[PDB]
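First, one chain by itself in structure tokens, the form deposited in one PDB entry.
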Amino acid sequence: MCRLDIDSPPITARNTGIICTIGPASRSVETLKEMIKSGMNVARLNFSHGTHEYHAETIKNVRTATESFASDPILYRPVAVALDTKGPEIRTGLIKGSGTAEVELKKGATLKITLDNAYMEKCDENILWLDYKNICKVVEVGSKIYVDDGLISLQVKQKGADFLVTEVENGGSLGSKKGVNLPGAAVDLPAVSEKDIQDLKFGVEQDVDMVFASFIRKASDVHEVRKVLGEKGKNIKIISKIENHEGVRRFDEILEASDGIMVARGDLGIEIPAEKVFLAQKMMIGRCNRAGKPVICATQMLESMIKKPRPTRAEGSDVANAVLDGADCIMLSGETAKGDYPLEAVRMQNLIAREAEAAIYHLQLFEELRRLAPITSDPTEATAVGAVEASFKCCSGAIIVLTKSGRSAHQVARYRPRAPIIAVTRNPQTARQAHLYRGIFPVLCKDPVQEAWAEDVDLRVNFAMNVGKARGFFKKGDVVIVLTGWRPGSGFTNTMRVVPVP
């Protein structure tokens, strides 16, 4: 702590993944190009908003912008596509027939909440439609109703037959399709609804890399999501979003069933006391690091940058601390979706994460993740931990890993080497999904499968050498670690070589 040098510059290699929510402000092809250059690694599409056609056009735009860099495979960056589900939630309608329109609420003003489907696209400062039909039976005379991540509070004054009359307890902007939270109250909502099924099936068709599953409360919820994705979506990674008291207390069984976790602080910070979020966050990140599964810190990380070109000091702190905690990915929501400075938001995340990674003392973290990690017979596991240990020993410029499914690179990443992990694959999905794991730099090889297997290995290794040289991870005289197998196919990585850069 005391020997932290501020006048010491960090490397160009950023290890933490940046996830960006794509909406009205960042949807265009030209913006998305600059998003990738700024350091976007994953595009998140929020299915609480917009239509299937809307999201399909966005996915197309993301891919168009991504593939404009495809001509140079050495410098090409894979960008993942993520589907964020609705889940068992209560949401508002469209303001003035638009997904963009907002109305200003005054403190003390009257607001009627209707269940009438005709007002679902005609919401304003006087009337607001909600999609929860059983709402009048779960609220009391004086109950508190929160809207848009708790932004606006509403006290029940009148409880009618098909409506609720409330008073605005605090002012602020109300937009379209905003989340409604009822702390303590019991919601009969299913884990996977009919809309969820259709959205999940749509993701399979659109060829998504991962699903961010909203409001996961238990292990059986994760199994339901996986069953809906079926055999077609068996390789689609499921990231369980923990955003309520139920998901926190049953986190262990959820983590076990999921391919990864997201700390969804927006909803979580109203579902549980705001002063307890940091505890849950640090608990979840630690357990994910221990289990070797991806964890995302999300929501309101640079909230003030929606309206402003520079973050608050608390926001600088937040991003940095999330990385220091051990988060694999950091996330931008409204900051890229609807804000005035989406590029600045991404750029700020690049800079803070890069600084935070230089602050992490890697040896102590590895030594702990080492003795905590159990004894296994798995050859790939032993080769991974042997390579990470060797990387610290010879101050390697990289750890080159050849991988078809990603698994080998994931096993190296869980021991948190300082050296960047260059994951060479021919599988495009594997290259996109690699961004979920801290310190993996995925590179897609499109060279034809070579006649002799030994020469196919050497070519892929040489490809990584060229990538590292061009990006600046290493130069001619440098020492690197190469991980390969003894035969083609997944699950055969058993070889570690200490080689000079050609």
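The first residue of the shown sequence is 1; numbering continues from there. Note that the rigid core is defined as the largest set of C-alphas that superpose within 1.5 Å between two forms.
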Item to complete: Using only the Cα atoms and their B-factors as the entry lists them, report which of 272-280 and 242-250 averages higher.
Response: 242-250
Worksheet item: Between 88-96 and 281-289, which has the higher average C-alpha B-factor in the PDB entry?
Response: 88-96
Item to complete: Select one of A398, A320, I152, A219: the residue whose C-alpha shows the highest B-factor in the crystal structure entry.
Response: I152
Practice prompt. Sort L83, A161, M301, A257 by C-alpha B-factor from the entry and give me just the highest.
Written response: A161
Discussion item. Looking at the temperature factor on the CA atom of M465, which third of the chain's modelled residues does it land in?
Written reply: middle
Worksheet item: Is the Cα B-factor recorded for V346 in the lowest, middle or highest third of its chain?
Response: lowest
Discussion item. Among the modelled residues of this chain, does the Cα B factor of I306 put it in the lowest, middle or highest third?
Written reply: lowest
Worksheet entry | Third of the chain, ranked by Cα B-factor, where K133 sits | highest
Worksheet, complete the sentence: Tertile call for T12 (CA temperature factor, within chain, third-based) is the highest
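Below, we refer to the form deposited in another entry, which is not included among the displayed structures.
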Worksheet item: Taking the rigid core as the reference frame, is the Cα of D148 displaced by 2 Å or more between this form and the one not shown?
Response: yes
Worksheet item: Hey, does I113 budge by 2 Å or more at the Cα between this form and the one not shown once the core is superposed?
Response: yes
Worksheet item: Given that the distance between the C-alpha atoms of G489 and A82 changes by 3 Å or more in the other entry, do they end up closer or farther than here?
Response: farther
